[PDB]
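Colleague: Quick one: structure below, then a few questions.
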Amino acid sequence: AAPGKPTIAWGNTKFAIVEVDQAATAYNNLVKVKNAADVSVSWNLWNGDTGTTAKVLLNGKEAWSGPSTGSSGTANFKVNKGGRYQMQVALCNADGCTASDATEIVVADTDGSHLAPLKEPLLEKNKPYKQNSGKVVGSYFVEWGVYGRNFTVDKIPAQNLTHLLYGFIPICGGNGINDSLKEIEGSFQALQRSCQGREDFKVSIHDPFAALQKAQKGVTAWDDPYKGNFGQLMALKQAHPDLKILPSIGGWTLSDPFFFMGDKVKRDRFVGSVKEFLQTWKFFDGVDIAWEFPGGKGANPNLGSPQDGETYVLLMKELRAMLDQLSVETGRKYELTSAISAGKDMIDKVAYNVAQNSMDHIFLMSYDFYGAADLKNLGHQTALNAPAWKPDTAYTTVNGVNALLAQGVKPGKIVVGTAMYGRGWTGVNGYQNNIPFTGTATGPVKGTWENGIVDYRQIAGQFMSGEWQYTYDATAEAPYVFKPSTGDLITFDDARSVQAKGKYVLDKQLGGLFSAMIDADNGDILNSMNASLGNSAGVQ
Ligand SMILES: CC(=O)N[C@@H]1[C@@H](O)[C@H](O[C@@H]2O[C@H](CO)[C@@H](O[C@@H]3O[C@H](CO)[C@@H](O)[C@H](O)[C@H]3NC(C)=O)[C@H](O)[C@H]2NC(C)=O)[C@@H](CO)O[C@H]1O
């Protein structure tokens with residue numbers, strides 16, 4: 001007679017191809033990429049002949065086979081593809097094979113193939129749009145937004161984006177290499193801990209707790225191997241396989257290492273670590289370079305060199321070559337993007353007409369034109385055009401676009417920036433003709449999270465009532481709110497100025513719109529980004 005029917009033993013059924021060490025703070029120890037997950041199954045036979053061969057089947061296909069030598073057995077084997085499998089144990093002899101009932105096993109991998117799709121309802125004022133304009137609709141999500149801002153990946157209105165950028169991936173380095181982090185309490189030390197044992201100029205993760213270990217919706221079980229932002233982003237990719245999720249390297253406080261990459265030894269090590277990062281974290285679709293900025297005038301006053309423009313072009317070429325090789329190794333398309341200053345003086349430090357041939361998209365940072373760092377020269381921080389009271393205003397969106405076009409950049413490369421926050425001042429005074437921007441300020445506006453910066457959600461929720469004046473400047477295409485009794489002035493984007501930017505993108509055949517940062521919108525800004533670029537209402 002055929003063997004008795006085996007009973008699969010109770011035991012762990014959750015396995016991982018990329019293993020995460022739960023007691024490690026150094027990135028080198030935190031993550032271990034294997035070629036395959038080590039899987040184990042045991043069984044007991046309570047009634048019958050134990051057969052002469054035991055097999056472990058996954059979806060009917062043998063993963064392991066060995067002699068059946070007693071009433072219990074154990075099998076250890078490797079599984080090299082992520083997903084969920086119906087596992088069975090079969091006992092066979094010359095008279096037949098008898099298979100157990102199936103037990104699901106989970107083999108995790110960083111494409112999220114083990115995860116249920118993270119398909120969450122739109123929140124706040126977000127309305128559904130189909131991505132059918134063919135234009136970029138991008139936004140940055142900040143790793144630290146999960147703390148005080150409580151804005152997690154399940155709150156992203158992901159169906160309303162083509163590109164979701166994750167800010168920010170650091171580059172390892174201590175004194176002289178990441179000194180801009182010392183301005184933020186604990187932040188330099190946190191990077192040194194993550195990079196312990198790791199060579200300078202390789203990428204790492206700044207906050208591994210937020211990125212990988214914090215419990216979040218859909219990844220709360222203790223043995224879910226990928227939690228935090230990365231676990232949710234993997235599940236988001238399962239829900240939106242056409243969403244491009246790009247890691248953004250740099251930003252305001254993690255850009256200092258780029259200034260050393262004139263040394264090709266360091267630049268090669270960096271590019272190689274990006275390749276390894278993309279091989280490790282398979283849900284990411286490329287890389288965004290947010291080097292702020294070639295030539296300096298970023299956070300660090302002691303960095304910046306006339307060599308930087310040449311370094312940037314080389315870096316983009318070499319990243320592109322690395323990504324092209326990864327693309328053909330994988331069959332995937334990978335994107336290379338960069339967030340860049342929108343000031344003409346900054347733009348002309350770089351030959352974007354050459355670099356563009358390596359780049360899928362240029363994220364023109366047409367915001368932060370004005371702010372509380374300068375209390376004397378006030379103006380619209382993200383306007384399309386100059387205002388009527390100062391038509392020679394240098395820092396406008398159109399002036400940045402025109403600087404790129406004048407170099408020879410193809411318009412389709414250029415993605416125009418919108419701000420989901422205001423900047424502003426307090427004590428504005430001494431202004432003419434009811435235009436507060438012609439005065440001067442005594443200090444920054446009180447901010448939502450830090451001085452001088454206000455979430456758009458808070459502008460809309462608190463500063464469009466009471467004593468606050470509201471004005472839309474139709475020459476600049478720029479709203480502002482002003483409280484006369486305290487001299488608080490806030491400059492920001494709203495649905496109408498975003499609509500002007502979208503129409504401008506379509507009229508000039510630019511590439512689309514992007515925003516910073518997604519946590520600060522109540523939905524009005526991203527709704528207008530989508531509507532103004534011609535995306536249809538509804539779901540696809
Ligand atoms: C540019 C950049 O590198 N990031 C800055 C942020 O780091 C900073 O936000 C704060 O981030 C730290 C972690 O990096 C948060 O600390 C966490 O705090 C919680 C309790 O609040 C604690 O349980 C976490 O374990 C702890 N992690 C670490 C490593 O400290 C801190 O709470 C964040 N604060 C906020 C925003 O809520 C922001 C400040 O806005 O500035 C960035 O530039």
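Here, A, B, ... name the chains of the structure tokens in the order displayed, residue numbers run from 1 inside each chain, and ligands are numbered from 1 in the same displayed order.
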Near segment 80-95 of chain A, counting only C-alpha atoms, which residues have an atom at most 7 Å away, once you skip same-chain residues fewer than 3 positions from it, shown as an MDAnalysis selection string?

Modeller: chainID A and resid 1:3 6 8 35:37 50:59 98:109 113:114

Colleague: Report as CSV: every residue of chain A with an atom at most 7 Å from ligand 1, its closest pair of atoms, and their distance in Å to one decimal, counting only C-alpha atoms and all ligand atoms, with rows sorted by chain and ascending residue number.

Modeller:
residue,atom,partner,partner_atom_place_in_ligand_line,distance
A:144,CA,ligand 1,11 (O),5.0
A:145,CA,ligand 1,36 (C),6.1
A:147,CA,ligand 1,37 (O),4.2
A:148,CA,ligand 1,37 (O),3.3
A:149,CA,ligand 1,37 (O),5.9
A:181,CA,ligand 1,3 (O),6.7
A:184,CA,ligand 1,5 (C),6.7
A:186,CA,ligand 1,30 (O),6.5
A:187,CA,ligand 1,14 (O),6.0
A:190,CA,ligand 1,29 (C),6.0
A:207,CA,ligand 1,29 (C),5.6
A:209,CA,ligand 1,25 (O),6.7
A:252,CA,ligand 1,1 (C),6.7
A:253,CA,ligand 1,1 (C),5.2
A:254,CA,ligand 1,3 (O),6.7
A:449,CA,ligand 1,40 (O),5.9
A:450,CA,ligand 1,40 (O),6.6

Colleague: Skip residue 309 of chain A itself and residues of its chain fewer than 4 positions away, then list as a compact mmCIF listing (two decimals) with N, CA, C and O atoms, in the first residue's frame all residues within 8 Å of it, counting only C-alpha atoms.

Modeller:
# COMPACT_ATOMS: atom_id res chain seq x y z
N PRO A 294 26.46 71.63 -6.77
CA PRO A 294 27.77 71.81 -7.44
C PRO A 294 28.19 73.28 -7.40
O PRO A 294 27.40 74.17 -7.68
N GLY A 295 29.41 73.54 -6.93
CA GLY A 295 29.89 74.89 -6.70
C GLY A 295 29.70 75.41 -5.30
O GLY A 295 30.29 76.45 -4.95
N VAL A 313 28.96 66.00 -14.21
CA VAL A 313 28.71 65.36 -15.49
C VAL A 313 29.30 63.96 -15.52
O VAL A 313 28.69 63.02 -16.03
N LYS A 349 26.80 76.70 -13.62
CA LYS A 349 28.00 76.02 -13.17
C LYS A 349 28.10 74.60 -13.71
O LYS A 349 29.13 73.95 -13.53
N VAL A 350 27.06 74.11 -14.38
CA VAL A 350 26.98 72.72 -14.83
C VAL A 350 26.58 72.74 -16.30
O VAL A 350 25.75 73.56 -16.71
N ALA A 351 27.16 71.82 -17.08
CA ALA A 351 26.76 71.66 -18.49
C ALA A 351 25.64 70.63 -18.57
O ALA A 351 25.84 69.46 -18.93

Colleague: So, with only C-alpha atoms as the atoms that count, which of A:214, A:79, A:157, A:317 lies closest to residue 64 of chain A?

Modeller: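 Selected residue with least distance to residue 64 of chain A: A:79.
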
Colleague: Would you kindly return, as number ranges by chain, each protein, DNA or RNA residue with an atom no farther than 7 Å from any atom of residue 469 of chain A, considering only C-alpha atoms and excluding same-chain residues fewer than 2 positions away?

Modeller: A: 467, 471, 481-483

Colleague: Would you write out those residues with N, CA and C atoms, as a CSV table (one decimal), in the first residue's frame?

Modeller:
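As a result, result_4.csv now contains:
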chain,number,residue,atom,x,y,z
A,467,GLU,N,-7.6,87.5,10.8
A,467,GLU,CA,-7.0,88.8,10.4
A,467,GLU,C,-6.2,88.6,9.1
A,471,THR,N,-3.9,87.2,-0.9
A,471,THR,CA,-3.8,87.8,-2.2
A,471,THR,C,-3.2,86.8,-3.2
A,481,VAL,N,-0.3,85.2,2.1
A,481,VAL,CA,-1.1,85.6,3.2
A,481,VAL,C,-0.3,86.6,4.1
A,482,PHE,N,-1.0,87.6,4.7
A,482,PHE,CA,-0.3,88.6,5.4
A,482,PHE,C,-1.1,89.0,6.6
A,483,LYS,N,-0.5,89.0,7.8
A,483,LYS,CA,-1.2,89.4,9.0
A,483,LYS,C,-0.7,90.8,9.5

Colleague: Grab the atom CA of residue 328 of chain A to atom CA of residue 238 of chain A distance for me, in Å with one decimal place.

Modeller: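 Going from atom CA of residue 328 of chain A over to atom CA of residue 238 of chain A, I get 22.1 Å.
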
Colleague: When distances are computed from only C-alpha atoms, which of A:119, A:380, A:14, A:240 shows the smallest separation from residue 473 of chain A?

Modeller: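 Counting only C-alpha atoms, the residue closest to residue 473 of chain A is A:380.
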
Colleague: Near residue 445 of chain A, counting only C-alpha atoms, which residues have an atom at most 9 Å away, once you skip same-chain residues fewer than 3 positions from it, shown as a PDB file with N, CA and C atoms, in the first residue's frame?

Modeller:
ATOM      1  N   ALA A 372      13.334  83.216   5.103  1.00  0.00           N
ATOM      2  CA  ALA A 372      13.703  83.965   6.299  1.00  0.00           C
ATOM      3  C   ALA A 372      15.215  84.023   6.511  1.00  0.00           C
ATOM      4  N   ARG A 423       7.185  79.643   3.004  1.00  0.00           N
ATOM      5  CA  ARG A 423       8.222  80.270   3.808  1.00  0.00           C
ATOM      6  C   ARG A 423       7.702  81.633   4.220  1.00  0.00           C
ATOM      7  N   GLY A 424       8.245  82.186   5.298  1.00  0.00           N
ATOM      8  CA  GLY A 424       7.819  83.537   5.614  1.00  0.00           C
ATOM      9  C   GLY A 424       8.563  84.168   6.761  1.00  0.00           C
ATOM     10  N   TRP A 425       8.076  85.348   7.113  1.00  0.00           N
ATOM     11  CA  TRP A 425       8.753  86.284   8.001  1.00  0.00           C
ATOM     12  C   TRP A 425       7.767  86.817   9.026  1.00  0.00           C
ATOM     13  N   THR A 426       8.288  87.358  10.126  1.00  0.00           N
ATOM     14  CA  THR A 426       7.458  88.094  11.060  1.00  0.00           C
ATOM     15  C   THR A 426       7.925  89.550  11.101  1.00  0.00           C
ATOM     16  N   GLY A 427       7.061  90.431  11.602  1.00  0.00           N
ATOM     17  CA  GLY A 427       7.458  91.816  11.782  1.00  0.00           C
ATOM     18  C   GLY A 427       7.718  92.577  10.512  1.00  0.00           C
ATOM     19  N   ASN A 451      11.401  77.089  12.384  1.00  0.00           N
ATOM     20  CA  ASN A 451      11.281  78.496  12.034  1.00  0.00           C
ATOM     21  C   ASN A 451      11.233  78.739  10.537  1.00  0.00           C
ATOM     22  N   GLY A 452      10.302  79.601  10.133  1.00  0.00           N
ATOM     23  CA  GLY A 452      10.301  80.164   8.805  1.00  0.00           C
ATOM     24  C   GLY A 452       9.649  79.319   7.743  1.00  0.00           C
ATOM     25  N   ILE A 453       9.111  78.137   8.100  1.00  0.00           N
ATOM     26  CA  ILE A 453       8.542  77.184   7.134  1.00  0.00           C
ATOM     27  C   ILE A 453       7.187  76.723   7.679  1.00  0.00           C
ATOM     28  N   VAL A 454       6.158  76.728   6.833  1.00  0.00           N
ATOM     29  CA  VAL A 454       4.804  76.401   7.272  1.00  0.00           C
ATOM     30  C   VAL A 454       4.211  75.360   6.312  1.00  0.00           C
ATOM     31  N   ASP A 488       3.291  89.214  10.000  1.00  0.00           N
ATOM     32  CA  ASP A 488       3.580  87.874   9.478  1.00  0.00           C
ATOM     33  C   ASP A 488       3.207  87.792   7.997  1.00  0.00           C
ATOM     34  N   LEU A 489       4.170  87.416   7.170  1.00  0.00           N
ATOM     35  CA  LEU A 489       4.013  87.252   5.726  1.00  0.00           C
ATOM     36  C   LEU A 489       4.439  85.840   5.312  1.00  0.00           C
ATOM     37  N   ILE A 490       3.593  85.131   4.547  1.00  0.00           N
ATOM     38  CA  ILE A 490       3.895  83.751   4.130  1.00  0.00           C
ATOM     39  C   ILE A 490       3.690  83.637   2.638  1.00  0.00           C
TER      40      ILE A 490
END
